[PDB]
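Comments concern the structure below.
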Amino acid sequence: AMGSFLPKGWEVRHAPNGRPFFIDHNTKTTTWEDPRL
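Right under this line is the structure:
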């Protein structure tokens, strides 16, 4: 049930070990959980 696009207002970043994380600019949340999953 994977999404085809990142939701509006979100950005991907990568931590030093190469693990992605996700920022939600409009709720000011930073999470390891991919919102498309």
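Each residue of the sequence shown is one higher than the last, beginning at 1062 in the working numbering. Cβ atoms here follow ideal geometry from the backbone N, Cα and C, with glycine treated the same way.
Own chain residues within Cβ distance below 8 Å of residue i, not counting five before or after
| i | result |
| --- | --- |
| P1096 | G1064, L1067, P1068, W1071, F1083, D1085 |
| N1078 | none |
7 Å Cβ shell around residue i - same chain, five flanking residues per side excluded
| i | result |
| --- | --- |
| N1087 | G1070 |
Own chain residues within Cβ distance below 6 Å of residue i, not counting five before or after
| i | result |
| --- | --- |
| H1075 | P1081 |
| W1093 | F1082 |
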